[PDB]
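Source file: run_17.txt. Holds: compact mmCIF, C-alpha atoms.
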```
# COMPACT_ATOMS: atom_id res chain seq x y z
CA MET A 1 -7.48 12.44 -9.49
CA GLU A 2 -9.68 9.58 -10.70
CA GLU A 3 -6.89 6.98 -10.83
CA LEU A 4 -5.52 8.09 -7.46
CA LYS A 5 -8.85 7.30 -5.78
CA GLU A 6 -8.86 3.89 -7.47
CA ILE A 7 -5.58 2.98 -5.78
CA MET A 8 -6.64 4.51 -2.45
CA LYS A 9 -9.75 2.30 -2.32
CA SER A 10 -7.84 -0.97 -2.75
CA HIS A 11 -7.85 -1.84 0.95
CA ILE A 12 -7.19 -5.53 0.29
CA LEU A 13 -4.40 -5.44 -2.31
CA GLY A 14 -3.18 -2.02 -1.21
CA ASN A 15 -1.99 -3.16 2.23
CA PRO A 16 1.85 -3.31 2.00
CA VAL A 17 2.08 -6.80 3.48
CA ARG A 18 -0.63 -8.35 1.28
CA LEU A 19 0.78 -6.61 -1.78
CA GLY A 20 4.20 -8.08 -1.05
CA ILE A 21 2.71 -11.55 -0.62
CA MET A 22 0.95 -11.23 -3.97
CA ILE A 23 4.08 -9.92 -5.70
CA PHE A 24 6.01 -12.84 -4.19
CA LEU A 25 3.52 -15.35 -5.59
CA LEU A 26 3.05 -13.70 -9.00
CA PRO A 27 6.13 -15.37 -10.57
CA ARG A 28 6.06 -18.49 -8.39
CA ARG A 29 2.34 -19.41 -8.36
CA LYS A 30 2.60 -21.22 -5.02
CA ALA A 31 4.80 -21.73 -1.98
CA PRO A 32 4.69 -23.37 1.45
CA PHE A 33 3.33 -21.12 4.20
CA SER A 34 6.59 -21.70 6.08
CA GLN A 35 8.75 -20.43 3.19
CA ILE A 36 6.72 -17.24 2.71
CA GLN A 37 6.89 -16.62 6.45
CA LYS A 38 10.69 -16.94 6.51
CA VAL A 39 11.66 -15.22 3.24
CA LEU A 40 9.38 -12.20 3.79
CA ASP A 41 10.37 -12.01 7.48
CA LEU A 42 6.81 -12.20 8.81
CA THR A 43 5.55 -13.81 11.99
CA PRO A 44 3.35 -16.91 11.47
CA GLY A 45 0.52 -14.99 13.16
CA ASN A 46 0.57 -11.93 10.92
CA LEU A 47 1.03 -13.98 7.76
CA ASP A 48 -1.90 -16.17 8.77
CA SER A 49 -4.22 -13.18 9.19
CA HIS A 50 -3.25 -11.62 5.87
CA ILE A 51 -3.64 -14.97 4.09
CA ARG A 52 -7.19 -15.29 5.46
CA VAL A 53 -8.13 -11.83 4.15
CA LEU A 54 -6.70 -12.71 0.73
CA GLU A 55 -8.42 -16.09 0.59
CA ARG A 56 -11.83 -14.75 1.65
CA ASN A 57 -11.54 -12.46 -1.36
CA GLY A 58 -10.52 -15.26 -3.73
CA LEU A 59 -7.03 -13.83 -4.35
CA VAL A 60 -5.23 -16.91 -3.03
CA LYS A 61 -6.21 -20.40 -1.97
CA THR A 62 -4.67 -22.58 0.73
CA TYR A 63 -4.64 -26.33 1.23
CA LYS A 64 -2.84 -28.86 3.39
CA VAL A 65 -0.52 -31.28 1.65
CA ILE A 66 -0.47 -34.30 3.96
CA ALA A 67 1.48 -36.51 1.56
CA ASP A 68 3.35 -37.34 4.77
CA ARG A 69 5.31 -34.13 5.27
CA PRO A 70 2.51 -31.89 6.71
CA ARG A 71 2.64 -28.48 5.00
CA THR A 72 0.21 -25.72 4.21
CA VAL A 73 0.66 -24.36 0.71
CA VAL A 74 -0.39 -20.88 -0.39
CA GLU A 75 -1.34 -20.55 -4.05
CA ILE A 76 -2.28 -17.42 -5.97
CA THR A 77 -5.48 -17.91 -7.99
CA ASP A 78 -5.98 -16.89 -11.60
CA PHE A 79 -8.21 -14.07 -10.34
CA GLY A 80 -5.52 -13.11 -7.84
CA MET A 81 -2.92 -12.87 -10.60
CA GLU A 82 -5.12 -10.61 -12.74
CA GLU A 83 -6.25 -8.36 -9.87
CA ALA A 84 -2.66 -7.92 -8.74
CA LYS A 85 -1.57 -7.03 -12.27
CA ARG A 86 -4.43 -4.54 -12.62
CA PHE A 87 -3.54 -2.92 -9.31
CA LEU A 88 0.18 -2.88 -10.10
CA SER A 89 -0.53 -1.32 -13.49
CA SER A 90 -2.68 1.42 -11.97
CA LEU A 91 0.07 2.11 -9.44
CA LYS A 92 2.69 2.25 -12.19
CA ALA A 93 0.60 4.76 -14.17
CA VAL A 94 0.22 7.06 -11.17
CA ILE A 95 3.95 6.92 -10.44
CA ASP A 96 4.90 7.61 -14.08
CA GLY A 97 2.76 10.73 -14.04
CA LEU A 98 4.73 12.11 -11.09
CA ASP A 99 8.07 12.36 -12.90
CA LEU A 100 10.65 11.15 -10.38
CA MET B 1 13.66 -10.44 -2.33
CA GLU B 2 15.52 -7.68 -0.46
CA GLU B 3 13.64 -4.79 -2.09
CA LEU B 4 10.29 -6.54 -1.67
CA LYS B 5 10.77 -6.68 2.11
CA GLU B 6 11.67 -2.98 2.10
CA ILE B 7 8.29 -2.10 0.61
CA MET B 8 6.44 -4.58 2.85
CA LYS B 9 7.84 -2.92 5.99
CA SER B 10 6.62 0.58 5.08
CA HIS B 11 3.54 0.44 7.29
CA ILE B 12 3.18 4.23 7.37
CA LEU B 13 3.67 5.21 3.71
CA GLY B 14 2.54 1.81 2.44
CA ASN B 15 -1.07 2.17 3.62
CA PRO B 16 -3.13 2.89 0.45
CA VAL B 17 -4.93 5.88 1.97
CA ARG B 18 -1.80 7.56 3.37
CA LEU B 19 0.07 6.89 0.14
CA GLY B 20 -2.70 8.56 -1.83
CA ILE B 21 -2.65 11.57 0.50
CA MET B 22 1.11 11.90 0.04
CA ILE B 23 0.86 11.52 -3.75
CA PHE B 24 -1.87 14.18 -3.73
CA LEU B 25 0.36 16.60 -1.83
CA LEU B 26 3.59 15.85 -3.70
CA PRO B 27 2.84 18.28 -6.59
CA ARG B 28 0.70 20.69 -4.54
CA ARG B 29 2.71 21.05 -1.30
CA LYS B 30 -0.37 21.94 0.75
CA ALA B 31 -4.16 21.94 0.75
CA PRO B 32 -7.07 22.60 3.11
CA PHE B 33 -8.18 19.54 5.08
CA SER B 34 -11.66 20.05 3.62
CA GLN B 35 -10.42 19.89 0.01
CA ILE B 36 -8.42 16.69 0.55
CA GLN B 37 -11.45 15.14 2.25
CA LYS B 38 -13.74 15.95 -0.68
CA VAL B 39 -11.44 15.30 -3.66
CA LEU B 40 -10.15 11.95 -2.32
CA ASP B 41 -13.66 10.94 -1.19
CA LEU B 42 -12.68 10.29 2.43
CA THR B 43 -14.73 10.83 5.57
CA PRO B 44 -13.46 13.62 7.87
CA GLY B 45 -12.91 10.97 10.54
CA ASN B 46 -10.72 8.63 8.50
CA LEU B 47 -8.74 11.48 6.98
CA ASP B 48 -8.14 12.91 10.44
CA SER B 49 -6.73 9.63 11.75
CA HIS B 50 -4.41 9.13 8.78
CA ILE B 51 -3.21 12.74 9.01
CA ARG B 52 -2.30 12.21 12.69
CA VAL B 53 -0.23 9.12 11.84
CA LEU B 54 1.57 11.04 9.09
CA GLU B 55 2.22 14.08 11.28
CA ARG B 56 3.53 12.05 14.23
CA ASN B 57 6.09 10.69 11.79
CA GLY B 58 7.02 14.12 10.43
CA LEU B 59 5.69 13.40 6.92
CA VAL B 60 3.17 16.24 6.98
CA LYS B 61 2.41 19.17 9.25
CA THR B 62 -0.95 20.75 10.03
CA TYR B 63 -1.89 24.21 11.25
CA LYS B 64 -5.01 26.31 11.62
CA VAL B 65 -5.29 29.40 9.45
CA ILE B 66 -7.58 31.69 11.44
CA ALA B 67 -7.09 34.69 9.17
CA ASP B 68 -10.86 34.91 9.60
CA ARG B 69 -11.96 31.97 7.46
CA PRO B 70 -11.19 29.07 9.89
CA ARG B 71 -9.43 26.28 7.99
CA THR B 72 -7.01 23.51 8.80
CA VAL B 73 -4.27 23.19 6.20
CA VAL B 74 -2.30 20.00 5.54
CA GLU B 75 1.23 20.52 4.26
CA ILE B 76 3.75 17.90 3.17
CA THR B 77 7.15 18.45 4.79
CA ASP B 78 10.49 18.35 2.99
CA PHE B 79 11.15 15.03 4.72
CA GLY B 80 7.71 13.82 3.65
CA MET B 81 8.45 14.67 0.02
CA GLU B 82 11.76 12.76 0.05
CA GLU B 83 10.42 9.71 1.91
CA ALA B 84 7.48 9.48 -0.49
CA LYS B 85 9.81 9.71 -3.49
CA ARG B 86 12.08 7.03 -2.02
CA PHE B 87 9.14 4.73 -1.39
CA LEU B 88 7.61 5.41 -4.81
CA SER B 89 10.96 4.71 -6.46
CA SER B 90 11.36 1.39 -4.63
CA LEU B 91 7.83 0.45 -5.67
CA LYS B 92 8.54 1.39 -9.28
CA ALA B 93 11.68 -0.77 -9.32
CA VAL B 94 9.80 -3.81 -8.00
CA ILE B 95 7.03 -3.36 -10.57
CA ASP B 96 9.50 -2.94 -13.47
CA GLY B 97 11.13 -6.22 -12.53
CA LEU B 98 7.81 -8.04 -12.89
CA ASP B 99 7.36 -7.35 -16.62
CA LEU B 100 3.68 -6.50 -17.02
```
Here is the file; what I need is its structure written in the form of C-alpha cells.
Amino acid sequence: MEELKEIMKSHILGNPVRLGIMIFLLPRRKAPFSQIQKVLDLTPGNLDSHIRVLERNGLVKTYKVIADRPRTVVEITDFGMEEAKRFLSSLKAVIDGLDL
Amino acid sequence: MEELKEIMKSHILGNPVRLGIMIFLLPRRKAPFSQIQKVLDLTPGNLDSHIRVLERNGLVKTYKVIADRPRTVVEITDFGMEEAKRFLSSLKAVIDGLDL
C-alpha cells in the first residue's frame, strides 16, 4: 500500500499526457515542439499547457532556436530524466506485484 | 510510437488517482468507500469525484449497503478488471522497452 500511494501522488509525472511526453524525450533528449505535437497527436494548445507544467517543475526546459528557422525546442533536463526513471521504476514494481 | 499514444489517450484509467483506485481494487474486488479514502490518503471529496468518473464509464459500480450499518461500497466491475489489466500491460510493455 505504501508504494501505491507514492504513484498516486505523482500529479505532475502521473498525468498520462505528461508521462508520454517524458517517455518520448527519455531516449531522444530533445525535440522541436512541432515534432512532439505531430508524433504524439496532440493539439498545440494542450501540448503547450503540459509543457509549461513540466518546465515550472524543472522536468524539461524550452528555448527558441532563431538560427533563422524559428523553432521552439523541448529538452528533458537531467532532473527530468531521473525523476521519470524513478517514477517509471515505482510503476513497474507495482505492476510486477500484480501478476498479470 | 504507436503504443505510447495508446497510453497517452487513456484519460480515464491514466489519471494517477483513478489508476491507484483500480489497482487497489484489482486483488480485492470491492471495499467500503471509507476504507479506500483512508488507506489511499484521499479526501472524501476527491475520491467521490474520481469514483463518479469511473462509474460513468462502467469501470466500477457503487451501492449503499443499509443492512443497518450505512456504508457505500465500491466494486470493480468485470469490464473494469479487464480494462485495467489491458492498460497495465500496455504500460509494462512501454517501460520494458526503455531499459531501466
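Proximity to residue 84 (chain A) was assessed for A:10, A:39, A:22, A:16 counting only C-alpha atoms; the smallest distance is recorded for A:22.
Distance criterion 8 Å to chain B, applied with only C-alpha atoms, yields residues 1, 4, 5, 7, 8, 9, 10, 11, 14, 15, 16, 17, 19, 20, 27, 39, 40, 41, 85, 88, 89, 92, 95, 98 and 100 of chain A on chain A.
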Export C-alpha atoms of the chosen residues as a PDB file, keeping the file's coordinate frame?
```pdb
ATOM      1  CA  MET A   1      -7.480  12.440  -9.490  1.00  0.00           C
ATOM      2  CA  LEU A   4      -5.520   8.090  -7.460  1.00  0.00           C
ATOM      3  CA  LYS A   5      -8.850   7.300  -5.780  1.00  0.00           C
ATOM      4  CA  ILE A   7      -5.580   2.980  -5.780  1.00  0.00           C
ATOM      5  CA  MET A   8      -6.640   4.510  -2.450  1.00  0.00           C
ATOM      6  CA  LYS A   9      -9.750   2.300  -2.320  1.00  0.00           C
ATOM      7  CA  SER A  10      -7.840  -0.970  -2.750  1.00  0.00           C
ATOM      8  CA  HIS A  11      -7.850  -1.840   0.950  1.00  0.00           C
ATOM      9  CA  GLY A  14      -3.180  -2.020  -1.210  1.00  0.00           C
ATOM     10  CA  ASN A  15      -1.990  -3.160   2.230  1.00  0.00           C
ATOM     11  CA  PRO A  16       1.850  -3.310   2.000  1.00  0.00           C
ATOM     12  CA  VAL A  17       2.080  -6.800   3.480  1.00  0.00           C
ATOM     13  CA  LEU A  19       0.780  -6.610  -1.780  1.00  0.00           C
ATOM     14  CA  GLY A  20       4.200  -8.080  -1.050  1.00  0.00           C
ATOM     15  CA  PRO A  27       6.130 -15.370 -10.570  1.00  0.00           C
ATOM     16  CA  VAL A  39      11.660 -15.220   3.240  1.00  0.00           C
ATOM     17  CA  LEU A  40       9.380 -12.200   3.790  1.00  0.00           C
ATOM     18  CA  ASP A  41      10.370 -12.010   7.480  1.00  0.00           C
ATOM     19  CA  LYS A  85      -1.570  -7.030 -12.270  1.00  0.00           C
ATOM     20  CA  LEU A  88       0.180  -2.880 -10.100  1.00  0.00           C
ATOM     21  CA  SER A  89      -0.530  -1.320 -13.490  1.00  0.00           C
ATOM     22  CA  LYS A  92       2.690   2.250 -12.190  1.00  0.00           C
ATOM     23  CA  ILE A  95       3.950   6.920 -10.440  1.00  0.00           C
ATOM     24  CA  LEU A  98       4.730  12.110 -11.090  1.00  0.00           C
ATOM     25  CA  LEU A 100      10.650  11.150 -10.380  1.00  0.00           C
TER      26      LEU A 100
END
```
For region 59-62 of chain B, please output as a list in words all residues within 7 Å (counting all atoms listed in the file; exclusion window: fewer than 3 positions along the same chain).
residues 54, 55, 72, 73, 74, 75, 76, 77, 79 and 80 of chain B
Keeping only C-alpha atoms, write those residues as a compact mmCIF listing (two decimals), in the coordinates of the input.
```txt
# COMPACT_ATOMS: atom_id res chain seq x y z
CA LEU B 54 1.57 11.04 9.09
CA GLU B 55 2.22 14.08 11.28
CA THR B 72 -7.01 23.51 8.80
CA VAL B 73 -4.27 23.19 6.20
CA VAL B 74 -2.30 20.00 5.54
CA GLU B 75 1.23 20.52 4.26
CA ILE B 76 3.75 17.90 3.17
CA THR B 77 7.15 18.45 4.79
CA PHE B 79 11.15 15.03 4.72
CA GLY B 80 7.71 13.82 3.65
```
Report, in Å with one decimal, the straight-line distance from CA of residue 83 (chain B) to CA of residue 58 (chain B).
10.2 Å
Separating CA of residue 81 (chain B) from CA of residue 37 (chain B), to the nearest tenth of an Å, is a gap of 20.0 Å
Coordinates-based distance that separates CA of residue 48 (chain A) from CA of residue 64 (chain A) (Å, one decimal)
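Rounded to one decimal, the two atoms are 13.8 Å apart.
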Could I see region 42-67 of chain A restored to N, CA, C and O atoms, set down as a tab-separated table (two decimals), keeping the file's coordinate frame?
```
chain	number	residue	atom	x	y	z
A	42	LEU	N	8.10	-12.45	8.18
A	42	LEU	CA	6.81	-12.20	8.81
A	42	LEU	C	6.59	-13.24	9.90
A	42	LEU	O	7.10	-14.36	9.82
A	43	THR	N	5.84	-12.87	10.92
A	43	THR	CA	5.55	-13.81	11.99
A	43	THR	C	4.44	-14.73	11.46
A	43	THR	O	3.64	-14.33	10.61
A	44	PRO	N	4.38	-15.98	11.94
A	44	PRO	CA	3.35	-16.91	11.47
A	44	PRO	C	1.95	-16.33	11.71
A	44	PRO	O	1.04	-16.54	10.90
A	45	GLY	N	1.80	-15.60	12.81
A	45	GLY	CA	0.52	-14.99	13.16
A	45	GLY	C	0.04	-13.90	12.21
A	45	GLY	O	-1.13	-13.87	11.83
A	46	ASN	N	0.94	-12.99	11.84
A	46	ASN	CA	0.57	-11.93	10.92
A	46	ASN	C	0.31	-12.48	9.53
A	46	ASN	O	-0.65	-12.08	8.87
A	47	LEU	N	1.18	-13.38	9.08
A	47	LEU	CA	1.03	-13.98	7.76
A	47	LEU	C	-0.33	-14.66	7.69
A	47	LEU	O	-1.08	-14.47	6.74
A	48	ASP	N	-0.64	-15.45	8.71
A	48	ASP	CA	-1.90	-16.17	8.77
A	48	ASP	C	-3.10	-15.24	8.58
A	48	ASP	O	-4.00	-15.53	7.80
A	49	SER	N	-3.12	-14.12	9.30
A	49	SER	CA	-4.22	-13.18	9.19
A	49	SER	C	-4.34	-12.58	7.80
A	49	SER	O	-5.44	-12.45	7.27
A	50	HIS	N	-3.22	-12.19	7.21
A	50	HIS	CA	-3.25	-11.62	5.87
A	50	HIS	C	-3.70	-12.65	4.83
A	50	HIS	O	-4.43	-12.32	3.90
A	51	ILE	N	-3.27	-13.89	5.00
A	51	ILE	CA	-3.64	-14.97	4.09
A	51	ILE	C	-5.15	-15.18	4.11
A	51	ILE	O	-5.77	-15.39	3.06
A	52	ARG	N	-5.74	-15.12	5.30
A	52	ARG	CA	-7.19	-15.29	5.46
A	52	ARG	C	-7.95	-14.19	4.72
A	52	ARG	O	-8.94	-14.46	4.04
A	53	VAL	N	-7.49	-12.95	4.84
A	53	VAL	CA	-8.13	-11.83	4.15
A	53	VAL	C	-8.07	-12.07	2.64
A	53	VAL	O	-9.06	-11.90	1.92
A	54	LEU	N	-6.89	-12.46	2.15
A	54	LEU	CA	-6.70	-12.71	0.73
A	54	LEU	C	-7.56	-13.86	0.24
A	54	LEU	O	-8.14	-13.78	-0.84
A	55	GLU	N	-7.64	-14.94	1.02
A	55	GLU	CA	-8.42	-16.09	0.59
A	55	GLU	C	-9.93	-15.84	0.61
A	55	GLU	O	-10.65	-16.33	-0.25
A	56	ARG	N	-10.41	-15.05	1.58
A	56	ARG	CA	-11.83	-14.75	1.65
A	56	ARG	C	-12.24	-13.94	0.43
A	56	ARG	O	-13.41	-13.91	0.06
A	57	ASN	N	-11.27	-13.27	-0.19
A	57	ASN	CA	-11.54	-12.46	-1.36
A	57	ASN	C	-11.12	-13.15	-2.66
A	57	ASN	O	-11.02	-12.50	-3.70
A	58	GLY	N	-10.89	-14.46	-2.57
A	58	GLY	CA	-10.52	-15.26	-3.73
A	58	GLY	C	-9.22	-14.92	-4.44
A	58	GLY	O	-9.05	-15.30	-5.60
A	59	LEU	N	-8.31	-14.23	-3.76
A	59	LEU	CA	-7.03	-13.83	-4.35
A	59	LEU	C	-5.98	-14.94	-4.25
A	59	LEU	O	-5.07	-15.03	-5.08
A	60	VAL	N	-6.11	-15.77	-3.22
A	60	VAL	CA	-5.23	-16.91	-3.03
A	60	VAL	C	-6.10	-18.05	-2.53
A	60	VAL	O	-7.28	-17.87	-2.24
A	61	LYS	N	-5.51	-19.23	-2.46
A	61	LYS	CA	-6.21	-20.40	-1.97
A	61	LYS	C	-5.17	-21.14	-1.15
A	61	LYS	O	-3.97	-21.05	-1.43
A	62	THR	N	-5.60	-21.83	-0.11
A	62	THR	CA	-4.67	-22.58	0.73
A	62	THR	C	-5.19	-23.99	0.86
A	62	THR	O	-6.39	-24.23	0.76
A	63	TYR	N	-4.28	-24.93	1.08
A	63	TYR	CA	-4.64	-26.33	1.23
A	63	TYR	C	-3.49	-27.07	1.89
A	63	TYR	O	-2.33	-26.73	1.69
A	64	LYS	N	-3.84	-28.07	2.69
A	64	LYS	CA	-2.84	-28.86	3.39
A	64	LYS	C	-2.39	-30.01	2.51
A	64	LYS	O	-3.20	-30.70	1.91
A	65	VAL	N	-1.08	-30.19	2.42
A	65	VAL	CA	-0.52	-31.28	1.65
A	65	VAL	C	-0.02	-32.26	2.71
A	65	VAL	O	1.05	-32.06	3.30
A	66	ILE	N	-0.81	-33.30	2.96
A	66	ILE	CA	-0.47	-34.30	3.96
A	66	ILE	C	0.11	-35.56	3.33
A	66	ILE	O	-0.11	-36.67	3.83
A	67	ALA	N	0.86	-35.39	2.25
A	67	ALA	CA	1.48	-36.51	1.56
A	67	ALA	C	2.60	-37.05	2.44
A	67	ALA	O	3.59	-37.58	1.95
```
